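Step one of this worksheet: look at the structure below.
Number of protein chains: 2
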Amino acid sequence: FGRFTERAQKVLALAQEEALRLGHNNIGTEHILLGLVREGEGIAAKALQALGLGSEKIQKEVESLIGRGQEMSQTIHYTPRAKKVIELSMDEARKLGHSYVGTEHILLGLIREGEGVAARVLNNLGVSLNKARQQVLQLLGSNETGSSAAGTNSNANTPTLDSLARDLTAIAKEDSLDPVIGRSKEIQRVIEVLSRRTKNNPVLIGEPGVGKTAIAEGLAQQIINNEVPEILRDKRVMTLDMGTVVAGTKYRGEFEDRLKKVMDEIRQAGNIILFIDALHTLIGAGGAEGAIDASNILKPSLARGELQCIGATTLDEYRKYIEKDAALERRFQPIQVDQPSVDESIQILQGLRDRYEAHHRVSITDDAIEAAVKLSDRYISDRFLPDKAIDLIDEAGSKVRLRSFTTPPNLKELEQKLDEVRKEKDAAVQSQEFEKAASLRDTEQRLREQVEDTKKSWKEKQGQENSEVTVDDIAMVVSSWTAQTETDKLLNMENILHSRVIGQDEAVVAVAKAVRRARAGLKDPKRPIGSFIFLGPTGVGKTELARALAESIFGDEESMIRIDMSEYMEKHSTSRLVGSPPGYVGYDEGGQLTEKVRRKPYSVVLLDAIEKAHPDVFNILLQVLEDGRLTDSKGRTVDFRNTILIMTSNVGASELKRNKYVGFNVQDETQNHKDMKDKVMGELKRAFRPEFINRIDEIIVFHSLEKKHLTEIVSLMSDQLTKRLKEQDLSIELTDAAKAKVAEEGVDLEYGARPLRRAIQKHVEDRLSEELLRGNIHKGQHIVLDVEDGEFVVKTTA
Amino acid sequence: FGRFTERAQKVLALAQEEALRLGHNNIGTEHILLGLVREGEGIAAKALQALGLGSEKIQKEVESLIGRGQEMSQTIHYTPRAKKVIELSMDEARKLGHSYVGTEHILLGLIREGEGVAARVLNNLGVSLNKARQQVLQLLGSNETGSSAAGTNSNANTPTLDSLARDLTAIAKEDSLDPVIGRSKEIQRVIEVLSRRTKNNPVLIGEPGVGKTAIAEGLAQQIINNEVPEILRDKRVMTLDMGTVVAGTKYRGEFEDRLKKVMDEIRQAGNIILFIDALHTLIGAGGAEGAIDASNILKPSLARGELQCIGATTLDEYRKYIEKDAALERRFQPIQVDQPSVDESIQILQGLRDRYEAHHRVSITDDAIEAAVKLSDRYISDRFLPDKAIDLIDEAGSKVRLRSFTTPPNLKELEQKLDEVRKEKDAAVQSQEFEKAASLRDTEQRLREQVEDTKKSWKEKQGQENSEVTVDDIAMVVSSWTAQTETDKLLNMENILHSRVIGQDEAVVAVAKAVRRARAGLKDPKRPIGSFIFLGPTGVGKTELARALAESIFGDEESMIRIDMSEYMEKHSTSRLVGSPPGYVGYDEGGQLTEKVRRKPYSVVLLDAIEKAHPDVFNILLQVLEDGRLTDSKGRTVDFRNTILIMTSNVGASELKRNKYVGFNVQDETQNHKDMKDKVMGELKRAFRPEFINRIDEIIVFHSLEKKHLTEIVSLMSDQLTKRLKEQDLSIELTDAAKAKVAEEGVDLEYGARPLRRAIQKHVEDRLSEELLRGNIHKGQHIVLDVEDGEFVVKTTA
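Sequence lines, in order, name chains A and B. Numbering-wise, the first sequence is residues 3 to 484, 492 to 807 according to the UniProt record's numbering. Numbering-wise, the second sequence is residues 3 to 484, 492 to 807 according to the UniProt record's numbering.
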């Protein structure tokens, strides 16, 4: 059963009436047949009354099947047979122009389901099955429920309007024409351009691809009342439809001739409008576009002003029509068809919130719509601004009704049981195993009802909780791509960045806060969500922080571009790093930087070296840093929308290698700390050009090796060990206990913190692998190199 | 013969009954025929009873043949005639709806073979061969059992659901729909995206290619019971299958029209789920050809959510559809399609493992499953993680199943003998040569039984070997490609690496152990199996081990990449000009290093003399050393997973080339040893950054001569000698007795180590060739140039 006619449903339900009244415990086709004759004035019922079959005549046979009867009528739903009649009736209604069904269609449906209960009832009460369907047909057919025309009611238009066309105005007489969504102020802006006749053509420019056609339908409607030029009220809008013209004509040349006929009758000037879509194509000018050079006829028609026409041209194409001249845009003039601006996005969301009705999820909240929009805008950041939006609302917009309804209670197990029976049960009936099948049926059907009750008992768990969707709902979904777990990405950013930076507690927090700030929406949203300079020791946090940003903000390790900006001046790309300068700053702008970042407009852009670089490097960084764009690659816009620009170079490093130890001399520690987290961003300022850098979120200051920043390089090296072992399926981790003992091997007074990986290798990599090869631990489980006695110990976990 | 059911086999066996009972020593088709009529109520028998033939009627004719008879019935098996009939019928039963073989099919098969003994029996007992096949046939056919058809017991759906198309729900009523293997969290994740209707569509992105389609079937099942929300409950699932949609009209226009028709019927209020495969193609966004631009209809329908739909989109294509805007993506949403990672792999293998017993010996054992995955990961290669796996398991699990039946020693030789006889015999009878054939016949039958008895006496060799399939089995198979022969390469690696390393016992063992650890299944699979830095001298050191490693682990000397870092002291590309440089580190990434290792991801990556090269280049290399990947060139990820990265360096070289000799005492051996065992690891740190060195397993130390590293250089050139003649025919050796005498000529204080090729040339090569041209050696003999009396001697050892 589904969305059917009443008439249908009514014959069908009457079957259930017969279920108990005649006692046929499961309702077969016979009851549907009775249903048909029992609705009296239904087209089926009426048909049966012609055939002589009254409710009586049918029922006399039917009661002789089960004769009142199993009045309990156990399993008091249908059997498949009657249900088959419904599938069939539907097809017998499809047959006669009903999406739904009808009383008629079910009687027709009976015939369809031959050698079923209805069918045998009718073959016992005489009545042949096709005589019955006949009877229905001869009280059916010639279906009409429309308006059935009244023709044109103005028609100066005739020589033209024969061809070609429907006319937009026609479809708007009783408004069988969709508006559609706009881009509403654009329709007004079209009517200025429509009120002319050597600028006659509004020329709608925008992606096609946003439902441009809505604005076009706009004109017709607006041309009626109570606002629009009287001259255009005194006009008619006729569409020059390319499709009807090409069909049955099969030539471009012939198509053009028909298009000419339409233009000639347009001599009614001061009364007629032609809409020529792809107005540029017809002009056939510019590029290699010469799709059809209708231009010969079209250009003078527009120019003479004997034609008032409507233009739909493409962004570049319009240029490539007006360039030819000498009265080309004596028609076109552009007006902007909006691709929904960010606020418009919000509105779209809200509009299609409401349509979740069998989908009960978003279905609220305002804030959730906002999250959808806003969160997408800042993070991923790889789609269009309203698409981004709408998607996020629905994204969250099922998830919760589903996580609710993940099983029948936990009574998913019921169904499994009901199976075990069915088998057992089944196999028993074949063996006989009489009462051994018996009790198995009973266990089956026991289960069966029990299943079904609890499969909809978490429809209570829906009606209780399941409309919501909030900011947070959206944020988890936005995070799925990439306002709870989008703002947790922001707020606990520092925690994430510290774990993959060699201390630099200062650096981490500076970046953390700067990105989280921007990513909140109030800083830098077209210019990178972090512009940065990262100064200080490299290896000791710097590169590693760039990595940690890629990971946290964008959701991937390798969502980080990395170009060296000092090479982009050809005064370092003739030298080391980059040997060849094939044009190199030109290579970057014209190619590399712009190309890379346009692919991922949500990635860490890392432009290395910017102190010893020259002012041209800084100009490039500055445009990104102010605007969020560079225009290169012949007018391409590279979207640095919510990239993180990180420009490196260091010159404060030394203090950021003097530590805030513990016990060294407290007055050197607590004056080394504050000093390194200051000195880097001030050592920066003296070498380069300032104009780029001031357009930066925070100028990131790195630190040393503290007591404890040191032990984070030990843990970077140890984390790097543990990371390279996974691909085969050797999952190894060093506990804190082992990371502590391993850290012991990195301190001297005479040695920095970098030798640690190799000794981590000796006691972990080398040691674990030389301990595994024996056959002590399985391949394909977790291997912990731990300390559990003050010495390394390999312990195991899943 | 094949696979047969009883009914068939019974008619056949009744032939054997007749073998002795009629004396048909080998039983022709007539006995099979009699067999047919003699099982009475079998379908063959029944047929024959129609024709009037009883068991009797056949048997009377049959008895008129041999006539009970040769009741010894020598070779109480079938005849070649009957063997054709049995083989024919079996297959003639496959032909007539029966996987195995039925009684009917044997009579039918008899008819097929209608010139045999049966056939003449029947032509003597009147009845025609086709009248008999008629009778059997009419007790076959009119199938439709176990099946019927149904639409949907609603079918509100009709105008759409008629047309056009299969519905997942329909086909799942009896469940004739395969799971398929998941991609399990994806099936859950589908219901997340699909009880959405402004993210209508889950959009499965991944390798196609693993079976995306498994996930799709997920939805169907869960809308029934019960993971689904109440949203996706009260819905029907329809697949938009592209072929019916395009129809016989064979156009894009027709496809769009049918898809539109579904959208109108979508009036079920989002309670219909439509599956649009390749939704991106339909959206028509991306590429220079969209592949139809259905997006226009789909976008308001999806946005309203009235069309609630299921997406299968391709990884990049999907991006190029949600980019289209503005509620296009308010459908699709990406989801990770499982292409098994190593742990997942193990589970997939297992899932179809037991079924490898269709071609027996596998399944078993667990350790082998694990091996399958793990062993591939370190030894061979870039291949997918479950594919790798499953193959090894089956590979070894068969290898041995033949070695059972290849151990009958080579009692295939028995089979060989029996031939010579047959021949002899046959040709002898043809001469007649009666008894002169006799003994040859007899000689055959001796053989025949002997042959066959010992090929299946090693069905004991089946019960012995033919299931076990362990790690060891798997490794042997992994080696077949390239833990028996994957760890034997390792375990004896040091021995193998030393024979082409010029001494440097330190170096050999260091590399040996690190590789042997990793490559035996226990470490470094993501990064190179060994990353290393090698300091040493040359020709008494480093390069020669790089070569020897390539040779031992991967096969052949020249499975070795080779990049010069001295060019990465770059500026060789501005004006000196070096191979295709975008600018030199850009050459390494953009082409040379990444392309070469993508070409061989199963090789020694040799980054020569990292040394004074730019530390930024080392950062690029560092990603290989850590990650085992670079992503460059065109977006390729280069798997250094199954490489052994070897970076050479030297700035300690001199000492590493300076002996280990008794140059002034034996404490000159043991402190020169120690001197070299110091000089590598400190010149390493002095050459370049520690960060580099830190993602390196071991620092490989190369020493020089006790007497002895020198005499190994002599043996490297002398081994190039021992290798080089087999290509043209001949086995050459410089005998060790002579390799010592040749080594005597390489000493001066002021010049040695290098002259050795030449002195081997003069004293060996040259000496042997000027004695071979005379004709003192035959071709393909082993030529040892030896010392036997303190002087060179050419001796031979074949």
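Where a beta carbon is used, it is the ideal one built from N, C-alpha and C, also for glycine.
### Message
Can you pull the chain B neighbours of A:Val-212, defined as C-beta to C-beta under 8 Å?
### Response
The residue labelled residue 212 of chain A in the question sits at position 210 within the first sequence. Per Cβ cutoff of 8 Å: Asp-327, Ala-328.
#### Entry: Cβ neighbour criterion (16 or more within 10 Å) applied to A:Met-74
Reading the first sequence from its first residue, position 72 is the one you call residue 74 of chain A. A:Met-74 comes out exposed.
### Query
Run through DSSP, which three-state label would A:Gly-313 get?
Here the question's residue 313 of chain A lines up with position 311 in the first sequence. Note: A:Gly-313 maps to strand in three-state DSSP.
### Straight-line Cα distance separating A:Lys-605 from A:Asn-674
Along the first sequence, read from residue 1 onward, the residue named residue 674 of chain A stands at position 665. Along the first sequence, read from residue 1 onward, the residue named residue 605 of chain A stands at position 596. Inter-residue distance for A:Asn-674 and A:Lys-605 is about 48 Å (C-alpha atoms, whole angstroms).
### Query
Hey, A:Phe-711 and A:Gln-493: beta-carbon distance below 8 Å or not?
For the purposes of this step, residue 711 of chain A is taken as the residue at position 702 of the first sequence. For the purposes of this step, residue 493 of chain A is taken as the residue at position 484 of the first sequence. No, these two residues do not count as a Cβ contact at 8 Å.
### Task
Output, in chain order, the set of chain A residues within a Cβ distance shorter than 7 Å of B:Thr-583.
Within the second sequence, the letter at position 574 stands for residue 583 of chain B. Result: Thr-583, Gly-588, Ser-589, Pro-590.
### Message
Contact defined as beta carbons within less than 8 Å: I believe A:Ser-400 pairs with B:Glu-194. What is the distance between those atoms, to the nearest angstrom?
### Response
Taking the first residue of the first sequence as position 1, residue 400 of chain A is located at position 398. Taking the first residue of the second sequence as position 1, residue 194 of chain B is located at position 192. With 8 Å as the limit, A:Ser-400 and B:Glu-194 qualify as a contact, their Cβ atoms being about 6 Å apart.
### Task
Report the partner residues of A:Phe-334 according to the DSSP bridge assignment.
Within the first sequence, numbered from 1, the residue matching residue 334 of chain A stands at position 332. BP columns for A:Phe-334 are empty, so no partner.
#### Entry: Span of the beta strand (DSSP E) around A:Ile-619
Numbered from its first residue, the first sequence carries residue 619 of chain A at position 610. Unbroken run through A:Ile-619: none, as it is neither H nor E.
### Query
Should A:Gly-143 go down as buried or exposed, given a rule of 16 or more other Cβ atoms within 10 Å for buried?
Reading the first sequence from its first residue, position 141 is the one you call residue 143 of chain A. It is exposed - the Cβ of A:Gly-143 has fewer than 16 other Cβ atoms within 10 Å.
### Task
Report the three-state DSSP secondary structure of B:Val-796 (helix, strand or coil).
Taking the second sequence and counting its residues from 1, the one referred to as residue 796 of chain B is at position 787. Here B:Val-796 carries a strand assignment [DSSP, helix/strand/coil].
### Message
Below 7 Å on C-beta distance, what does B:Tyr-381 contact in chain A?
### Response
Taking the first residue of the second sequence as 1, we reach residue 381 of chain B at position 379. Here the premise fails: no neighbours, minimum Cβ distance about 10 Å.
### Query
What do you get for B:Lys-788, buried or exposed, if any count of 16 or more other CB atoms within 10 angstroms of its CB means buried?
Stepping through the second sequence from its first residue, residue 788 of chain B is reached at position 779. Under this definition B:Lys-788 is an exposed residue.
### Task
State the Cα-Cα distance for the pair B:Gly-56 and B:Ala-47, rounded to the nearest angstrom.
Taking the first residue of the second sequence as position 1, residue 56 of chain B is located at position 54. Taking the first residue of the second sequence as position 1, residue 47 of chain B is located at position 45. Going from the Cα of B:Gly-56 to the Cα of B:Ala-47 covers about 8 Å.
### Query
Which first and last residues belong to the beta strand (DSSP E) in which B:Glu-742 is found?
Position 733 of the second sequence holds residue 742 of chain B. Annotation: the continuous beta strand (DSSP E) that includes B:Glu-742 extends over 740-743.
### Query
For B:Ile-476, which residues from the same chain have a beta carbon less than 8 Å from its beta carbon, with the 5 sequence-adjacent residues on both sides left out?
Position 474 of the second sequence, counted from the start, is the residue given in the question as residue 476 of chain B. Here the set comprises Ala-370, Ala-373, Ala-374, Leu-377, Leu-394, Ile-395, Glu-397, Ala-398, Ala-492.
### Query
Using 8 Å as the threshold, is the region 712-719 of chain B in touch with the region 511-527 of chain B, meaning 3 or more CB pairs across them?
yes
### Message
In this structure, how does DSSP classify B:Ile-60 when only helix, strand and coil are distinguished?
### Response
Start at 1 with the first residue of the second sequence, and residue 60 of chain B comes out as number 58. B:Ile-60: helix per DSSP, three-state reduction.
### Query
Quick one: does A:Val-182 have its CB under 8 Å from some CB of chain B?
Here residue 182 of chain A corresponds to residue number 180 of the first sequence, with the count starting at 1. So, interface residue.
### Query
In chain B, what lies closer than 8 Å to A:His-361 by C-beta?
Sequence index remark: in the first sequence, residue 361 of chain A carries index 359 (1-based). In chain order: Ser-197, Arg-198, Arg-199, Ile-233, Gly-272, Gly-307, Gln-310.
### Query
Count the other CB atoms within 10 Å of the CB of residue 2 of chain B; is the residue buried (16 or more) or exposed (fewer)?
Only positions 3 to 807 of chain B appear in this structure, which leaves residue 2 of chain B out of reach.
### Query
Of the residues B:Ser-568, B:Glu-232, B:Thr-171, B:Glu-20, which one's Cα is nearest the Cα of A:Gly-465?
Within the first sequence, residue 465 of chain A is the residue found at index 463, counting from 1. Per the Cα distances, B:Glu-232.
### Query
What is the residue span of the beta strand (DSSP E) that A:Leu-354 lies within?
Walking along the first sequence from the start, residue 354 of chain A turns up at place 352. Where A:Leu-354 is concerned, there is no enclosing beta strand (DSSP E), given that its DSSP letter is neither H nor E.
### Query
Span of the beta strand (DSSP E) holding A:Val-518?
As a first step, residue 518 of chain A is located in the first sequence; it is residue number 509 there, counting from the start. Taken as a continuous stretch (DSSP letters only), A:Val-518 belongs to no beta strand (DSSP E), being part of the alpha helix (DSSP H) at 514-527.
### Range of the contiguous beta strand (DSSP E) that encloses A:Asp-279
The residue labelled residue 279 of chain A in the question sits at position 277 within the first sequence. Start and end: 274-279.
### Message
Determine whether the beta carbon atoms of A:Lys-326 and A:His-282 lie at a separation below 8 Å.
### Response
In the first sequence, residue 326 of chain A corresponds to position 324, counting from 1. In the first sequence, residue 282 of chain A corresponds to position 280, counting from 1. Contact: no.
### Task
Kindly give me the distance between the Cβ atoms of A:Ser-91 and A:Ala-158, rounded to whole angstroms, as I take these residues to be in contact under 8 Å.
Along the first sequence, read from residue 1 onward, the residue named residue 91 of chain A stands at position 89. Along the first sequence, read from residue 1 onward, the residue named residue 158 of chain A stands at position 156. Actually they do not touch by this definition, with Cβ atoms about 50 Å apart.
### Within chain A, partners of B:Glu-579 - CB distance below 9 Å
If you number the second sequence from 1, residue 579 of chain B lands on position 570. Within chain A, the residues near B:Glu-579 are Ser-584, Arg-585, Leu-586, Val-587, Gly-588, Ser-589.
#### Entry: Below-8 Å beta-carbon distance, A:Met-92 vs any chain B residue
Numbered from 1 along the first sequence, position 90 holds the residue referred to as residue 92 of chain A. Chain B contact via Cβ: present.
### Task
List the residues of chain A whose Cβ lies closer than 8 Å to the Cβ of B:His-623, in chain order.
Residue mapping note: residue 623 of chain B aligns to position 614 of the second sequence, counting from 1. Residues of chain A passing the Cβ test: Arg-585, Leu-586.
### Query
How many angstroms separate the CA atom of A:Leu-14 from the CA atom of A:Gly-37?
Here the question's residue 14 of chain A lines up with position 12 in the first sequence. Here the question's residue 37 of chain A lines up with position 35 in the first sequence. One C-alpha to the other measures close to 6 Å.
### Task
Could you give the DSSP three-state label for A:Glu-372: helix, strand or coil?
Translated into the one-based positions of the first sequence, residue 372 of chain A becomes position 370. Residue state, collapsed to three classes: helix.
### Query
For A:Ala-95, which residues in chain B fall below 7 Å Cβ to Cβ?
Locating residue 95 of chain A in the first sequence gives position 93, where the first residue counts as 1. Within 7 Å Cβ-Cβ: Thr-160.
### Message
So with CB distances below 9 Å, who are the chain B contacts of A:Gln-493?
### Response
Here residue 493 of chain A corresponds to residue number 484 of the first sequence, with the count starting at 1. Near A:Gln-493 there are no residues of chain B at all, since even the closest Cβ is about 17 Å away, more than 9 Å.
### Query
Among the residues of its own chain, which have a CB less than 8 Å from the CB of B:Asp-444, if the five just before and after it don't count?
The residue labelled residue 444 of chain B in the question sits at position 442 within the second sequence. Correct list: empty, nothing qualifies.
### Query
Mind listing which residues of the region 694-719 of chain B have their C-beta closer than 9 Å to chain A's C-betas, in chain order?
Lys-694, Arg-698, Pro-699, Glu-700, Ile-702, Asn-703, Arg-704, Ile-705, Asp-706, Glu-707, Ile-708
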